[PDB]
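K.L.:
I have a structure I would like to understand better, so I am pasting it below and will then ask my questions one at a time.
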Amino acid sequence: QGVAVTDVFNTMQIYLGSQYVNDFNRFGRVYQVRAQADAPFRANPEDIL
Amino acid sequence: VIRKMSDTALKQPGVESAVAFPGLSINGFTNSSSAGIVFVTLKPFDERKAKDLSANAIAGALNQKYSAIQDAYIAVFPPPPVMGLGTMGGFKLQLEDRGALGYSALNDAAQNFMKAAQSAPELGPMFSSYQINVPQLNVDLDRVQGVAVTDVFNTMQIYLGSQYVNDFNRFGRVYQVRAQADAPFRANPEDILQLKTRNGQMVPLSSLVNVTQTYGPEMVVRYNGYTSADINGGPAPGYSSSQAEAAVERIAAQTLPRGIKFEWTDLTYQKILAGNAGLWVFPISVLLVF
Amino acid sequence: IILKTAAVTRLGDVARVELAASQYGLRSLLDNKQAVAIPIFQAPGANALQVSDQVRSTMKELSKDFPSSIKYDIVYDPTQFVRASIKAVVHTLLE
Amino acid sequence: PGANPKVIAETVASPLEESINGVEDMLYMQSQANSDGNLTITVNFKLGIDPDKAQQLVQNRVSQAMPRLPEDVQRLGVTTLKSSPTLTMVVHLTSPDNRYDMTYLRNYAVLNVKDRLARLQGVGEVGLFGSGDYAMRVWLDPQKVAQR
Amino acid sequence: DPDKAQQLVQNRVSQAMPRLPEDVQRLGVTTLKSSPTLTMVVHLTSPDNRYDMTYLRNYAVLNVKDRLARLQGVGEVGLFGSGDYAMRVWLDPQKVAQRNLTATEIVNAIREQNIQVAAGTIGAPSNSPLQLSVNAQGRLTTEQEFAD
Ligand SMILES: CCCCCCCCCCCCO[C@@H]1O[C@H](CO)[C@@H](O[C@H]2O[C@H](CO)[C@@H](O)[C@H](O)[C@H]2O)[C@H](O)[C@H]1O
């Protein structure tokens with residue numbers, strides 16, 4: 001197939017792990033924005049498949 | 001205006017020289033486009049031996065001559081006794097919002113505080129520097145053709161604002177290369193509507209953004225992490241400075257709404273922190289001598 | 001600099017390049033004459049008159065290499081006051 | 001450069017203020033944001049503290065908050081310095097013939113005078129008030145750019 | 001003296017910072033001395049179970065830590081809770097794949113619509129009687145704006 005190792009690694013890192021993207025402001029202070037998969041979709045080892 | 005003022009001042013018999021800084025503000029020694037400072041240095045002490053050549057007479061005559069400009073607000077001040085120190089006769093404090101209410105709420109609180117202070121005794125005139133009356137432009141973009149927000153913001157960033165690209169070498173040292181629009185092409189509020197952007201086709205911003213005129217501040221002062229406004233004052237004649245702080249605290253206990261606090265800043269803060277702890281030295285010395 | 005090739009489009013006919021200042025917003029004048037100002041501060045725990053005398057001497061030394069239309073000037077020196085005070089003190093003692 | 005006072009007050013000054021506070025023996029901090037896009041934060045210490053230790057602590061604290069700042073600010077860079085209150089003299093440099101402008105005079109003072117006037121014994125610091133240093137300025141015409 | 005050791009450690013780690021991966025250096029690393037002596041512990045509870053751990057910890061950060069830190073003699077103040085605030089997005093891979101969409105494209109898209117804008121002034125070397133600043137809409141603040 002035409003898939004790349006970087007593609008699957010990035011998808012696995014973003015979904016199963018975490019990814020800190022940009023910042024925002026609230027209550028006069030700076031906070032973070034993070035991306036992660038929903039909990040019920042990452043509860044079993046078969047979910048990776 | 002500063003040139004005319006210096007020309008007028010350089011004819012006084014007592015003065016020696018005048019240095020001018022058109023574009024410098026006295027509030028924090030920052031840069032402002034609608035303010036100016038002139039230092040006037042006098043003749044040596046030997047020549048100005050007459051009574052009418054004293055500093056106060058020079059200041060009075062200069063103020064009287066300046067009061068006929070009809071173009072700006074002009075004030076004359078004497079030098080401070082010690083450089084780097086704050087005012088030692090009056091006092092200053094900060095009104096700051098713990099809850100991060102906004103600018104309008106802080107301005108209303110400041111006006112209410114000034115009204116309450118002017119309605120109360122044991123206080124003289126009070127000054128402030130908080131201003132929200134500076135005009136400005138506000139541009140809004142709607143989400144209604146293949147154009148991207150990033151491009152329509154980058155064009156405005158690079159044309160109206162300055163962009164720093166690369167470096168170069170000359171005279172042995174290193175300097176910068178900057179890009180900006182020509183002066184005649186950005187001197188009007190309607191010039192923002194004449195820029196163009198890509199997508200492949202050329203399209204102007206006349207069908208993308210709208211511009212309106214609004215009001216706001218010019219300089220932002222932040223004290224201890226929160227936005228704050230400065231309040232200057234002094235004790236009323238006939239009373240000491242001890243009761244002035246008590247009166248200020250008493251009136252602030254009521255005139256300040258929720259989420260607004262006040263704090264001493266200079267000199268008075270150190271006097272309160274040190275406290276009355278050096279009053280034992282005279283009894284100690286008397287006992288030692290006895 | 002060549003930007004787009006089609007006919008060649010250069011930087012000269014699209015924009016105007018020049019050498020200028022990197023920051024505008026502050027102007028300094030002395031008697032309505034364009035000039036520059038430089039004040040000198042001391043380090044803590046130093047001498048007052050020695051640094052002043054060295055400054056005058058080195059400015060006089062550098063004045064020889066200045067171009068035709070460039071000159072320097074002394075405007076303000078607040079080290080004079082102590083210069084007076086000590087002087088007065090001595091007189092009192094003598095008297 | 002090119003920033004609005006609210007933008008520089010929120011995006012730039014807030015992380016620096018949130019990181020800097022906490023060092024020993026402070027009284028207060030002040031931050032000023034100006035319309036032209038300049039931010040100045042001054043922090044004072046209690047009497048008796050050696051300036052070198054305070055400068056070192058401030059440097060250590062500011063070095064931690066650099067990655068959170070915007071790309072333009074990082075590329076330009078921020079600078080820190082201890083303040084010297086006492087003044088001993090001021091000197092002006094003039095062009096009586098009106099042959100040289102402000103920027104050339106300022107850069108001439110920078111090139112050779114300041115370096116020799118900074119190496120004497122007892123000098124804390126010297127400033128320079130006037131126009132900026134040299135730069136290659138390109139002024140663009142949007143009409144010609146859009147034409148091509 | 002702890003100050004010299006902290007300065008040496010900071011000077012050493014600042015040299016080795018560039019070799020670290022992008023994520024850790026973009027998040028940042030911290031260094032600080034250790035105070036072995038503890039004087040008091042204080043808790044701050046919600047009897048009615050109206051507030052969870054996160055809000056309570058953030059409130060303690062916002063309104064309690066700053067006042068306690070400025071006290072005289074305090075070395076450091078700790079905090080053991082659930083963490084500071086953050087804007088969390090939870091993705092559903094099935095719906096993402098339904099739209100022929102990938103996660104990296106989503107991350108790129110969210111990163112480009114939540115940036116602040118810097119706009120130059122109007123009539124700043126110009127010959128206009130007035131100079132007016134320009135501002136636009138930058139960072140988002142509410143959850144609805146993020147969802148839109
Ligand atoms: C020839 C070169 C000389 C170099 C001199 C060194 C620079 C000295 C800078 C002095 C700074 C200004 O110093 C001090 O500023 C404050 C703050 O505005 C002035 O304080 C002023 O406040 C406001 C206006 O702002 C007035 O309503 C008030 O009546 C007046 O006191 C003082 O009158 C002045 O003594």
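Numbering starts fresh at 1 for the residues of each chain in the structure tokens, the chains themselves are lettered A, B, ... in the order given, and ligands are numbered from 1 as they appear.
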Report the closest atom pair, with its distance in Å rounded to one decimal, for each residue of chain C that has an atom no farther than 10 Å from ligand 1; count only C-alpha atoms and all ligand atoms, sort by chain and then rising residue number, and write it as a Markdown table.
P.N.:
```
| residue | atom | partner | partner_atom_place_in_ligand_line | distance |
| --- | --- | --- | --- | --- |
| C:37 | CA | ligand 1 | 2 (C) | 9.5 |
| C:39 | CA | ligand 1 | 4 (C) | 8.2 |
| C:75 | CA | ligand 1 | 1 (C) | 6.5 |
| C:76 | CA | ligand 1 | 1 (C) | 5.1 |
| C:77 | CA | ligand 1 | 1 (C) | 8.2 |
| C:78 | CA | ligand 1 | 3 (C) | 8.5 |
```
K.L.:
Using only C-alpha atoms, which protein or nucleic acid residues come within 6 Å of region 138-148 of chain E? Drop anything in the same chain fewer than 2 positions from it, and give the result as a PyMOL selection string.
P.N.:
chain E and resi 114-117
K.L.:
Would you mind exporting the chosen residues as a tab-separated table (two decimals), in the first residue's frame, restricted to C-alpha atoms?
P.N.:
```tsv
chain	number	residue	atom	x	y	z
E	114	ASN	CA	-7.28	30.44	16.95
E	115	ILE	CA	-4.34	32.81	16.41
E	116	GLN	CA	-4.04	36.45	17.36
E	117	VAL	CA	-3.65	39.10	14.65
```
K.L.:
At most 12 Å is the cut-off: for each residue in region 1-89 of chain C with any atom that close to an atom of region 34-57 of chain D, write down the nearest atom pair and the distance in Å rounded to one decimal, counting only C-alpha atoms, chain first then increasing number, as a tab-separated table.
P.N.:
```
residue	atom	partner	partner_atom	distance
C:23	CA	D:36	CA	9.8
C:24	CA	D:36	CA	9.5
C:25	CA	D:36	CA	8.4
C:26	CA	D:36	CA	11.3
C:43	CA	D:51	CA	11.0
C:44	CA	D:51	CA	9.6
```
K.L.:
For the atom pair CA of residue 143 (chain B) and CA of residue 205 (chain B), what is the interatomic distance in Å to one decimal place?
P.N.:
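Value for the CA of residue 143 (chain B)-CA of residue 205 (chain B) distance: 13.0 Å.
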K.L.:
Select, from C:57, C:3, C:27, C:9, the residue with the minimum atom-to-atom distance to residue 31 (chain B), counting only C-alpha atoms.
P.N.:
C:27
K.L.:
Please provide the set of residues having any atom within 10 Å of region 223-229 of chain B, restricted to only C-alpha atoms, with same-chain residues fewer than 2 positions apart removed, written as a PyMOL selection string.
P.N.:
(chain A and resi 28-29) or (chain B and resi 93-103+106-107+109-110+128-131+220-221+231+260-263+265) or (chain D and resi 9+13-18+21+27-32+41+43) or (chain E and resi 66)
K.L.:
Contacts of residue 13 (chain A) at 12 Å or less, counting only C-alpha atoms, minus same-chain residues fewer than 4 places along, as an mmCIF file with C-alpha atoms, in the first residue's frame?
P.N.:
```cif
data_model
loop_
_atom_site.group_PDB
_atom_site.id
_atom_site.type_symbol
_atom_site.label_atom_id
_atom_site.label_comp_id
_atom_site.auth_asym_id
_atom_site.auth_seq_id
_atom_site.Cartn_x
_atom_site.Cartn_y
_atom_site.Cartn_z
ATOM 1 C CA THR A 6 4.885 8.775 9.693
ATOM 2 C CA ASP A 7 1.150 8.785 8.936
ATOM 3 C CA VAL A 8 0.296 5.837 11.190
ATOM 4 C CA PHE A 9 2.662 7.056 13.915
ATOM 5 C CA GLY A 17 -1.629 9.732 23.361
ATOM 6 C CA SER A 18 -1.990 13.512 23.489
ATOM 7 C CA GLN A 19 -1.261 16.629 21.451
ATOM 8 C CA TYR A 20 -0.904 20.164 22.802
ATOM 9 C CA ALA A 35 -6.587 16.858 21.750
ATOM 10 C CA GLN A 36 -7.305 13.239 22.646
ATOM 11 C CA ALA A 37 -9.662 10.424 21.721
ATOM 12 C CA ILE A 48 -6.206 0.000 18.031
ATOM 13 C CA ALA E 103 -6.549 13.871 12.629
ATOM 14 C CA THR E 104 -3.494 15.853 11.503
#
```
K.L.:
Return the neighbours of chain D among the residues of chain A, cut-off 10 Å, counting only C-alpha atoms, as a short mmCIF file (atom, residue, chain, number, x, y, z; two decimals) with C-alpha atoms, in the first residue's frame.
P.N.:
```cif
data_model
loop_
_atom_site.label_atom_id
_atom_site.label_comp_id
_atom_site.auth_asym_id
_atom_site.auth_seq_id
_atom_site.Cartn_x
_atom_site.Cartn_y
_atom_site.Cartn_z
CA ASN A 22 -2.02 26.48 20.70
CA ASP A 23 -3.21 28.44 23.75
CA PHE A 24 -6.13 30.61 24.80
CA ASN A 25 -6.98 33.19 27.46
CA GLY A 28 -6.95 36.95 32.62
CA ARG A 29 -4.58 33.98 32.34
CA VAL A 30 -3.23 31.73 29.59
CA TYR A 31 -4.27 28.08 29.34
#
```
K.L.:
Kindly determine which residues of chain E lie within 9 Å of chain D, considering only C-alpha atoms, and give the answer as an MDAnalysis selection string.
P.N.:
chainID E and resid 3 7 10:11 14 25:31 66 69:70 72 75:76 116:121 133:135 138
K.L.:
So how many Å separate CA of residue 87 (chain B) and CA of residue 268 (chain B), to one decimal?
P.N.:
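Straight-line distance from CA of residue 87 (chain B) to CA of residue 268 (chain B) works out to 10.2 Å.
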K.L.:
Which is closest to chain D among B:55, B:247, B:120, B:19, if we use only C-alpha atoms?
P.N.:
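Smallest separation from chain D among the options: B:19.
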K.L.:
Run DSSP on the backbone of this structure and report the residues of chain D it assigns to strand (DSSP E or B), as a VMD selection string.
P.N.:
chain D and resid 26 to 34 38 to 45 87 to 94 123 to 126 129 134 to 140
K.L.:
Store the residues of this selection in a file with C-alpha atoms, as a PDB file, in the first residue's frame.
P.N.:
```
ATOM      1  CA  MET D  26      10.186  41.966  46.057  1.00  0.00           C
ATOM      2  CA  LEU D  27       7.969  44.975  46.696  1.00  0.00           C
ATOM      3  CA  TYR D  28       5.942  45.282  43.477  1.00  0.00           C
ATOM      4  CA  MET D  29       6.121  44.940  39.697  1.00  0.00           C
ATOM      5  CA  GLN D  30       4.957  47.313  36.970  1.00  0.00           C
ATOM      6  CA  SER D  31       4.276  46.643  33.295  1.00  0.00           C
ATOM      7  CA  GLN D  32       3.668  49.232  30.585  1.00  0.00           C
ATOM      8  CA  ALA D  33       2.429  48.488  27.066  1.00  0.00           C
ATOM      9  CA  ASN D  34       2.535  51.333  24.539  1.00  0.00           C
ATOM     10  CA  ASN D  38       6.863  48.214  23.163  1.00  0.00           C
ATOM     11  CA  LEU D  39       6.572  46.406  26.495  1.00  0.00           C
ATOM     12  CA  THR D  40       8.543  47.464  29.577  1.00  0.00           C
ATOM     13  CA  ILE D  41       8.389  45.538  32.863  1.00  0.00           C
ATOM     14  CA  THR D  42      10.197  47.024  35.868  1.00  0.00           C
ATOM     15  CA  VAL D  43      10.645  45.138  39.138  1.00  0.00           C
ATOM     16  CA  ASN D  44      12.060  46.668  42.313  1.00  0.00           C
ATOM     17  CA  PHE D  45      13.674  44.930  45.275  1.00  0.00           C
ATOM     18  CA  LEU D  87      23.308  60.752  36.551  1.00  0.00           C
ATOM     19  CA  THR D  88      26.617  62.583  36.330  1.00  0.00           C
ATOM     20  CA  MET D  89      26.519  64.417  32.953  1.00  0.00           C
ATOM     21  CA  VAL D  90      24.665  64.689  29.661  1.00  0.00           C
ATOM     22  CA  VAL D  91      26.282  65.691  26.361  1.00  0.00           C
ATOM     23  CA  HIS D  92      24.746  66.577  23.003  1.00  0.00           C
ATOM     24  CA  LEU D  93      26.194  66.124  19.522  1.00  0.00           C
ATOM     25  CA  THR D  94      25.060  68.596  16.883  1.00  0.00           C
ATOM     26  CA  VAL D 123      30.659  54.310  34.211  1.00  0.00           C
ATOM     27  CA  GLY D 124      27.532  52.282  34.916  1.00  0.00           C
ATOM     28  CA  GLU D 125      25.669  52.697  31.633  1.00  0.00           C
ATOM     29  CA  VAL D 126      25.145  55.191  28.810  1.00  0.00           C
ATOM     30  CA  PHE D 129      17.887  59.150  22.697  1.00  0.00           C
ATOM     31  CA  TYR D 134      20.213  51.797  10.047  1.00  0.00           C
ATOM     32  CA  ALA D 135      17.983  49.375   8.162  1.00  0.00           C
ATOM     33  CA  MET D 136      17.104  48.430   4.594  1.00  0.00           C
ATOM     34  CA  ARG D 137      13.548  49.707   4.154  1.00  0.00           C
ATOM     35  CA  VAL D 138      11.480  48.551   1.179  1.00  0.00           C
ATOM     36  CA  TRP D 139       8.241  50.451   0.567  1.00  0.00           C
ATOM     37  CA  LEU D 140       5.701  48.476  -1.463  1.00  0.00           C
TER      38      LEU D 140
END
```
K.L.:
Which residues of chain B sit at most 7 Å from chain D, using only C-alpha atoms? Give each one's shortest atom pair and distance in Å (one decimal place), in chain and ascending residue order, as JSON lines.
P.N.:
```
{"residue": "B:84", "atom": "CA", "partner": "D:85", "partner_atom": "CA", "distance": 6.2}
{"residue": "B:161", "atom": "CA", "partner": "D:2", "partner_atom": "CA", "distance": 4.6}
{"residue": "B:162", "atom": "CA", "partner": "D:2", "partner_atom": "CA", "distance": 5.9}
{"residue": "B:175", "atom": "CA", "partner": "D:135", "partner_atom": "CA", "distance": 5.8}
{"residue": "B:176", "atom": "CA", "partner": "D:135", "partner_atom": "CA", "distance": 5.4}
{"residue": "B:177", "atom": "CA", "partner": "D:136", "partner_atom": "CA", "distance": 4.7}
{"residue": "B:178", "atom": "CA", "partner": "D:137", "partner_atom": "CA", "distance": 5.4}
{"residue": "B:179", "atom": "CA", "partner": "D:138", "partner_atom": "CA", "distance": 5.2}
{"residue": "B:180", "atom": "CA", "partner": "D:139", "partner_atom": "CA", "distance": 5.4}
{"residue": "B:181", "atom": "CA", "partner": "D:140", "partner_atom": "CA", "distance": 4.7}
{"residue": "B:182", "atom": "CA", "partner": "D:139", "partner_atom": "CA", "distance": 4.8}
{"residue": "B:195", "atom": "CA", "partner": "D:142", "partner_atom": "CA", "distance": 6.6}
{"residue": "B:196", "atom": "CA", "partner": "D:146", "partner_atom": "CA", "distance": 6.5}
{"residue": "B:218", "atom": "CA", "partner": "D:35", "partner_atom": "CA", "distance": 5.9}
{"residue": "B:219", "atom": "CA", "partner": "D:34", "partner_atom": "CA", "distance": 4.8}
{"residue": "B:220", "atom": "CA", "partner": "D:33", "partner_atom": "CA", "distance": 5.1}
{"residue": "B:221", "atom": "CA", "partner": "D:32", "partner_atom": "CA", "distance": 4.7}
{"residue": "B:222", "atom": "CA", "partner": "D:31", "partner_atom": "CA", "distance": 5.0}
{"residue": "B:223", "atom": "CA", "partner": "D:30", "partner_atom": "CA", "distance": 5.0}
{"residue": "B:224", "atom": "CA", "partner": "D:29", "partner_atom": "CA", "distance": 5.4}
{"residue": "B:225", "atom": "CA", "partner": "D:17", "partner_atom": "CA", "distance": 6.1}
```
K.L.:
With N, CA, C and O atoms kept, could you save the residues just selected as a PDB file, in the first residue's frame?
P.N.:
```
ATOM      1  N   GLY B  84      14.855  60.010  40.866  1.00  0.00           N
ATOM      2  CA  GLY B  84      14.473  58.632  41.069  1.00  0.00           C
ATOM      3  C   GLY B  84      13.488  58.401  42.195  1.00  0.00           C
ATOM      4  O   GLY B  84      13.005  57.274  42.355  1.00  0.00           O
ATOM      5  N   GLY B 161       1.292  46.716   8.863  1.00  0.00           N
ATOM      6  CA  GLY B 161       2.314  46.506   9.862  1.00  0.00           C
ATOM      7  C   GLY B 161       3.668  46.194   9.241  1.00  0.00           C
ATOM      8  O   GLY B 161       3.806  45.997   8.038  1.00  0.00           O
ATOM      9  N   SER B 162       4.682  46.156  10.098  1.00  0.00           N
ATOM     10  CA  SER B 162       6.050  45.909   9.671  1.00  0.00           C
ATOM     11  C   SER B 162       6.407  44.437   9.834  1.00  0.00           C
ATOM     12  O   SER B 162       6.043  43.795  10.822  1.00  0.00           O
ATOM     13  N   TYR B 175      22.578  44.558  10.425  1.00  0.00           N
ATOM     14  CA  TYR B 175      21.313  45.261  10.546  1.00  0.00           C
ATOM     15  C   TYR B 175      20.218  44.437   9.883  1.00  0.00           C
ATOM     16  O   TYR B 175      20.469  43.373   9.309  1.00  0.00           O
ATOM     17  N   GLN B 176      18.994  44.951   9.950  1.00  0.00           N
ATOM     18  CA  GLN B 176      17.804  44.210   9.564  1.00  0.00           C
ATOM     19  C   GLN B 176      17.202  44.781   8.289  1.00  0.00           C
ATOM     20  O   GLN B 176      17.457  45.934   7.930  1.00  0.00           O
ATOM     21  N   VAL B 177      16.405  43.961   7.610  1.00  0.00           N
ATOM     22  CA  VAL B 177      15.639  44.370   6.439  1.00  0.00           C
ATOM     23  C   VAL B 177      14.162  44.249   6.786  1.00  0.00           C
ATOM     24  O   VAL B 177      13.717  43.201   7.269  1.00  0.00           O
ATOM     25  N   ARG B 178      13.405  45.316   6.542  1.00  0.00           N
ATOM     26  CA  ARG B 178      11.998  45.368   6.905  1.00  0.00           C
ATOM     27  C   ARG B 178      11.162  45.730   5.686  1.00  0.00           C
ATOM     28  O   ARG B 178      11.629  46.397   4.760  1.00  0.00           O
ATOM     29  N   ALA B 179       9.911  45.276   5.699  1.00  0.00           N
ATOM     30  CA  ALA B 179       8.974  45.523   4.615  1.00  0.00           C
ATOM     31  C   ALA B 179       7.736  46.221   5.157  1.00  0.00           C
ATOM     32  O   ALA B 179       7.221  45.857   6.218  1.00  0.00           O
ATOM     33  N   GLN B 180       7.264  47.225   4.423  1.00  0.00           N
ATOM     34  CA  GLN B 180       6.068  47.963   4.806  1.00  0.00           C
ATOM     35  C   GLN B 180       5.524  48.674   3.577  1.00  0.00           C
ATOM     36  O   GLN B 180       6.211  48.822   2.563  1.00  0.00           O
ATOM     37  N   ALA B 181       4.274  49.117   3.681  1.00  0.00           N
ATOM     38  CA  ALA B 181       3.629  49.816   2.584  1.00  0.00           C
ATOM     39  C   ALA B 181       4.122  51.259   2.505  1.00  0.00           C
ATOM     40  O   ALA B 181       4.667  51.816   3.460  1.00  0.00           O
ATOM     41  N   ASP B 182       3.927  51.864   1.336  1.00  0.00           N
ATOM     42  CA  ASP B 182       4.324  53.250   1.134  1.00  0.00           C
ATOM     43  C   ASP B 182       3.467  54.181   1.984  1.00  0.00           C
ATOM     44  O   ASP B 182       2.305  53.894   2.282  1.00  0.00           O
ATOM     45  N   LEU B 195      -6.909  47.122  -0.642  1.00  0.00           N
ATOM     46  CA  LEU B 195      -5.944  46.047  -0.815  1.00  0.00           C
ATOM     47  C   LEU B 195      -6.566  44.897  -1.601  1.00  0.00           C
ATOM     48  O   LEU B 195      -7.782  44.824  -1.794  1.00  0.00           O
ATOM     49  N   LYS B 196      -5.709  43.990  -2.062  1.00  0.00           N
ATOM     50  CA  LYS B 196      -6.134  42.868  -2.882  1.00  0.00           C
ATOM     51  C   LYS B 196      -5.523  41.582  -2.346  1.00  0.00           C
ATOM     52  O   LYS B 196      -4.503  41.595  -1.652  1.00  0.00           O
ATOM     53  N   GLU B 218      -4.803  54.205  25.134  1.00  0.00           N
ATOM     54  CA  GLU B 218      -3.591  54.335  24.331  1.00  0.00           C
ATOM     55  C   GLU B 218      -2.414  53.604  24.971  1.00  0.00           C
ATOM     56  O   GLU B 218      -1.623  52.965  24.270  1.00  0.00           O
ATOM     57  N   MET B 219      -2.279  53.688  26.294  1.00  0.00           N
ATOM     58  CA  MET B 219      -1.268  52.945  27.035  1.00  0.00           C
ATOM     59  C   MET B 219      -1.933  52.085  28.102  1.00  0.00           C
ATOM     60  O   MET B 219      -2.899  52.505  28.743  1.00  0.00           O
ATOM     61  N   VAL B 220      -1.402  50.881  28.302  1.00  0.00           N
ATOM     62  CA  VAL B 220      -1.958  49.931  29.261  1.00  0.00           C
ATOM     63  C   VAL B 220      -0.933  49.706  30.365  1.00  0.00           C
ATOM     64  O   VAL B 220       0.196  49.277  30.097  1.00  0.00           O
ATOM     65  N   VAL B 221      -1.325  49.993  31.604  1.00  0.00           N
ATOM     66  CA  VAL B 221      -0.472  49.812  32.773  1.00  0.00           C
ATOM     67  C   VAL B 221      -1.024  48.658  33.597  1.00  0.00           C
ATOM     68  O   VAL B 221      -2.200  48.668  33.981  1.00  0.00           O
ATOM     69  N   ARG B 222      -0.175  47.671  33.870  1.00  0.00           N
ATOM     70  CA  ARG B 222      -0.555  46.486  34.628  1.00  0.00           C
ATOM     71  C   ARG B 222       0.269  46.452  35.905  1.00  0.00           C
ATOM     72  O   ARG B 222       1.500  46.553  35.857  1.00  0.00           O
ATOM     73  N   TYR B 223      -0.406  46.314  37.040  1.00  0.00           N
ATOM     74  CA  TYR B 223       0.229  46.361  38.350  1.00  0.00           C
ATOM     75  C   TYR B 223       0.011  45.029  39.053  1.00  0.00           C
ATOM     76  O   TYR B 223      -1.133  44.648  39.323  1.00  0.00           O
ATOM     77  N   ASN B 224       1.107  44.325  39.340  1.00  0.00           N
ATOM     78  CA  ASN B 224       1.080  43.057  40.071  1.00  0.00           C
ATOM     79  C   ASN B 224       0.234  42.001  39.363  1.00  0.00           C
ATOM     80  O   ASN B 224      -0.352  41.127  40.006  1.00  0.00           O
ATOM     81  N   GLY B 225       0.160  42.071  38.035  1.00  0.00           N
ATOM     82  CA  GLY B 225      -0.513  41.063  37.244  1.00  0.00           C
ATOM     83  C   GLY B 225      -1.923  41.409  36.811  1.00  0.00           C
ATOM     84  O   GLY B 225      -2.464  40.725  35.934  1.00  0.00           O
TER      85      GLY B 225
END
```
